[PDB]
Amino acid sequence: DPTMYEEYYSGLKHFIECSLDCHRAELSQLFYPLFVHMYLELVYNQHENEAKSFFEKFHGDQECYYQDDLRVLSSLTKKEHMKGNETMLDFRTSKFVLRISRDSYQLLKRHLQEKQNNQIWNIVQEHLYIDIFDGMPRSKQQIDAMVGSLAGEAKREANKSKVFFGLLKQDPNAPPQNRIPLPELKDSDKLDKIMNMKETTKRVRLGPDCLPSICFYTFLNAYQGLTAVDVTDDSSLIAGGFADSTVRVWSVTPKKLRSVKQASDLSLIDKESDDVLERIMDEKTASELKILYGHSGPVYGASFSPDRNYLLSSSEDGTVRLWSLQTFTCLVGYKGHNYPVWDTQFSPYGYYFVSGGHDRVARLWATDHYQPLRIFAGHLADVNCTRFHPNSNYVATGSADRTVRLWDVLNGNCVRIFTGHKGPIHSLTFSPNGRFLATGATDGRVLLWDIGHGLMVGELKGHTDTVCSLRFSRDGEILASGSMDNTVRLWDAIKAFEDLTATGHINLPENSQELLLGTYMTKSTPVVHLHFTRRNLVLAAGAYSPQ
Amino acid sequence: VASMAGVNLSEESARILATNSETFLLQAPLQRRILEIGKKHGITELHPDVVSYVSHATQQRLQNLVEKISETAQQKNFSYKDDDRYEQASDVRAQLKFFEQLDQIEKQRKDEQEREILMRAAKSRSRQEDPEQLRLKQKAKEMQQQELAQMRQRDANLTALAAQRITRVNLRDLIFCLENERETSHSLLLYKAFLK
Amino acid sequence: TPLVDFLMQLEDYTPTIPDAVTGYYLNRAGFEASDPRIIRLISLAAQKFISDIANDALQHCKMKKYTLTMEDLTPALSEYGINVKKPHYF
Amino acid sequence: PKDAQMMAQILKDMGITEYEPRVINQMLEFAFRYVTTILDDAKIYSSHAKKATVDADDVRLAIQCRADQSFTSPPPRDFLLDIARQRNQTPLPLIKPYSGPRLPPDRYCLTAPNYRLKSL
Amino acid sequence: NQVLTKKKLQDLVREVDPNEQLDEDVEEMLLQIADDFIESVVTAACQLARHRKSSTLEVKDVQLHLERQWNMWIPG
């Protein structure tokens, strides 16, 4: 067996490239998983020289989007090198899904059911799933749009579960209010939405004509590296997570950051007064900047609560920290990861929060328990991003294995798997409808996914480097994208969703040029955050790095 | 012992004086335990001084960990407020007592608002149809005030008739002594202990 | 309370390491400057560690004073259980 | 240099185009630290087996007994999926409506009277 | 099958502090740590013994794994 793997793979490589061009582009999908599963089985059975020869002969006929995985594999030559990788260990035990059409599968099975190639047929039916759809064979630039992950292009039986992608309060896609036990709406929280709809009165309709104004909030000195930004829902606070293990809150309105008075000062005043909150504020402590200490590592996540208290921060030391914004101290340290927590976010109702880390899970916490409630443990690499749905019944977790996964908060089940990115996903955002999801990664592609159909609905390919920030407008009219090419691109998020299967795919339009409303370049400044004011004004924050 | 000025020598000699300032494994099931793992390597029999050496090695592993979790389980039993060399700097917990009083006041306010809304539901010279919740519920409010009077005369009738600190080690103290040492810092036994 | 007395004396004491530099590496690890005297005790403890290593290295140099070489730091840190490494690649 | 020019090719084979000049100097410092603790343990294992020449099985032993302690990994997928389904089976608790600032029990928070010494 | 009888572990705590009580969770985790220690030590000692070309697992093999990976230095 092992000395003739360069005869099995080169025989199937000769069959596919000699096929007709309609089936050739679809049968080129099983070049990459058959190259890795034959290479990893050689190095697991301690056949290093043969493994090295196979890698040298076939690595360069692999698709260009796979270079990073190919480099990790070139390093892997021993068995014990792979026994502690835990990403190729989970790749060897899982099954590549490999969605192919029935018109091309008949040519494949008429070349594998014969005894002439019963060995490569034995590897296919051991290591590869094949998910068959009845339809046209896809084009090469459509197959290129939806592949790219390891154990990628998942089954349609995963993307057929019922997802309550509607907003709460009739919408038939909306979940009930008692599905997830969400917290009560207090009179101070009801007072927030009264002044929120005064901002909505001045909210402009953006569209492709009235392009929004962008106010860049640059961090000027920032010689400790800025790693996390968050803005409150009303543009009042801006948090900064830095590499010197600090969180720094800035007030952007002309209203200094005050702490509440100490317990001796609150005991002498009375409650039940109308002023109460005003009475409690301390004016002795009033700055335009509050520095928060306590992480022993670079703060990677930053998340405000919707009631403008309760800053959240996660860092390299494996803890998620809940900072008060009334006392400006730390309250809780959530130690569930032993590994760098790459992101955290509060729920849009403010009770639960999700944190994704290097240990390839995302935990669901509740700010009341020292232990999590849900563990979302299906990714094969680091959970880079963690985003809540606008109804907070679903959590989207992008990751470094080039997949985006929706997770139901009930039962912890993965209800959607979105594959088609070529690099690790570094930004997710939801549409304000709740129907759509924009994801960005290191390939500079912004892929727009449907959530009810579990189908990608568009691909935005204007950016060059890693797209690290996405946000839709408050109306949903414009998706704003910020990346490391120091550009803030605006995309038409209405013309991108004009059409709303069983083939499990739609013919993507190649329409990025018509969906770009504008590109604005920053002065040597990577756009770390993008925020939309409730009057539809774009805010962006990024450390100025002269580089 | 190989290092004469070794740095873990001064640790557990000053740790013991910090705790002063406030296993012997079974030989019969252990000897079967060593031999079964020896089948996977070809170590078919063992030396008779090994099964008591591993028992002395397991003791100095856990005694180095029982002493380590005892000096952090007594770290929480140091009350500063009895001493008056220390001064309080920032109490968030009394601010929380203030919050609890404020929340009781808010709940009282909400009850008053609900009563006002019920009264409005049928405001007239005479009680009005179904929304006349004022006629019955307001009488009940008066009944509830009469019931409070009870919680105050029971405090009066009975008055007229009348006329070595123990240290408990939590799972936090064991987890705190696992992520610090190099072994069991990135281990599946500490990772699972975060959920126990 | 000998150390409590010492820390109370540490106000009006200037250590060899500044508190703007000792406090920088403490803020890097989450330790925030609540009290200057605590920063000063941490600075003095670090100084004692480096000074003790240096004095042991000087006894080794006198046995084999003047220049401190990596072959003096090697037996000085060996009783501490620390194996120092030569550069060897430059 | 000789070994420092190979270090710039290990990074360029991993696609690292931009790096600080102190990056090569301390990966060589780690590579020197790693080989002088394999070979230091290799002659300890050779003296255990009582042979005057440190041969290839001694380095095979010293590598796999140093990689069993030093280089760990995240937990595996069959371990993460077992603790997930043990945790995701428990239903979500209801919320008390006016409990106040929602926090864990006070021995799990960082809210204590937080004392300091009297200056005298 | 259990090698640590959960009562001699309580005498390991009484020798350190006469006034201390562990929790049941803490005791069970301590028993798991002991079991894991025995397994790792024996496996590596057996690797050293196969290396010395032996079927005997003498202490020299157990003593070497403590000094190099755990730094215990138990008198033999």
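Observations on the model:
- Calculated FRET efficiency for the pair A:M4/B:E36, C-beta based, R₀ 60 Å, to 0.05: 0.90
- Neighbourhood net charge (11 Å Cβ-Cβ; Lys/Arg +1, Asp/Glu -1) for A:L325: +2
- Distance violations [Cα-Cα > 18 Å] among A:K79/D:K12; A:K186/B:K107; A:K271/B:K110; A:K83/B:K39; D:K50/E:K60: A:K79/D:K12; A:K83/B:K39
- Prolate/oblate/rounded label for the protein assembly as shown (Cα gyration tensor, a/c 1.5): oblate
- The stretch A:377-534 - charge dipole about Cα centre, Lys and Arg +1 at Cβ, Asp and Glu -1, debye rounded to 20: 360 debye
- Separation in nanometres of the label points that stand 7 Å from Cα toward Cβ, at A:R71 and C:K64: 4.2 nm
- Mean Cβ count within 10 Å, highest first, over the residues of peptides A:83-92, C:55-64: A:83-92, C:55-64
- Within 10 Å of each Cβ in D:61-71, the average number of Cβ atoms from other chains: 4
- Theoretical FRET efficiency, 1/(1+(r/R0)^6), r = Cβ-Cβ of E:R50 and A:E63, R0 51 Å, to 0.05: 0.65
- Separation of the stretch A:332-353 from the stretch C:1-47 is 33 Å, based on Cα centroids.
- Distance (nanometres) between label positions extended 7 Å along Cα→Cβ at B:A89 and A:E114: 8.1 nm
- Under the convention that each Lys and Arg Cβ holds +1 and each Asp and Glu Cβ holds -1, the size of the dipole of the protein assembly as shown around its Cα centre is about 1440 debye.
- Straight-line reach from A:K193: taking Cα to Cα under 18 Å and skipping same-chain neighbours fewer than 8 places apart, the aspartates and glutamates in range are A:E184, A:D233, A:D234, A:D307, A:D475.
- Selected from E:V13, E:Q69, E:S55, residue furthest toward positive end of dipole (chain E; charges at beta carbon): E:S55
- Within the stretch A:65-86: backbone nitrogen closer than 18 Å to the A:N49 label point (7 Å, Cα to C-beta): A:77-79
- Protection proxy ranking, peptides C:25-38, D:13-26, average beta carbon neighbours within 10 Å, highest first: C:25-38, D:13-26
- In the protein assembly as shown, taking the dipole from charged Cβ atoms about the Cα centre, the farthest positive-side position among A:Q224, A:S75, A:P348 is held by A:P348.
- Within a straight-line Cα-Cα reach of under 16 Å, A:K461 can be paired with the following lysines, leaving aside sequence neighbours fewer than 8 residues apart in one chain: A:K422, A:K495.
- Label point 7 Å beyond Cα of D:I63 along Cβ direction - residues of the stretch A:76-93 with amide nitrogen under 14 Å: A:76-84
- Highest average packing first - A:223-234, A:128-139, Cβ atoms within 10 Å: A:223-234, A:128-139
- Efficiency of FRET between A:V276 and D:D106 - r from beta-carbon atoms, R0 25 angstrom, step 0.05: 0.55
- Across the options A:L12, A:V404, C:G23, the greatest Cα extent toward the positive end of the charge dipole of the protein assembly as shown (unit charges at beta carbon of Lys, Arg, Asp, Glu) belongs to A:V404.
- Average beta carbon contacts from partner chains per residue of A:329-341, 10 Å cutoff: 4
- Filtered chymotrypsin sites (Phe, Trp or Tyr not before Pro), the stretch D:60-111: DSSP coil and at most 14 other beta carbons within 10 Å: D:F71, D:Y98
- Compactness of chain D as Cα Rg over 2.2 N^0.38 Å, two decimals: 1.95
- Per-residue average of Cβ from other chains inside 10 Å of E:30-41: 6
- Taking each DSSP H run with n ≥ 4 as -39500 (n - 2.57) and averaging over every residue of the protein assembly as shown yields -12000 deg cm²/dmol at 222 nm.
- Gap separating the Cα centres of the stretch B:89-147 and the stretch A:155-172, nearest whole Å: 41 Å
- Separation of alpha-carbon centers, the stretch A:470-501 and the stretch A:226-281, rounded to whole Å: 32 Å
Coordinate-derived values only; no laboratory data. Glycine also receives a Cβ, built like all others from the backbone with ideal geometry; neighbour counts cover every protein chain displayed.
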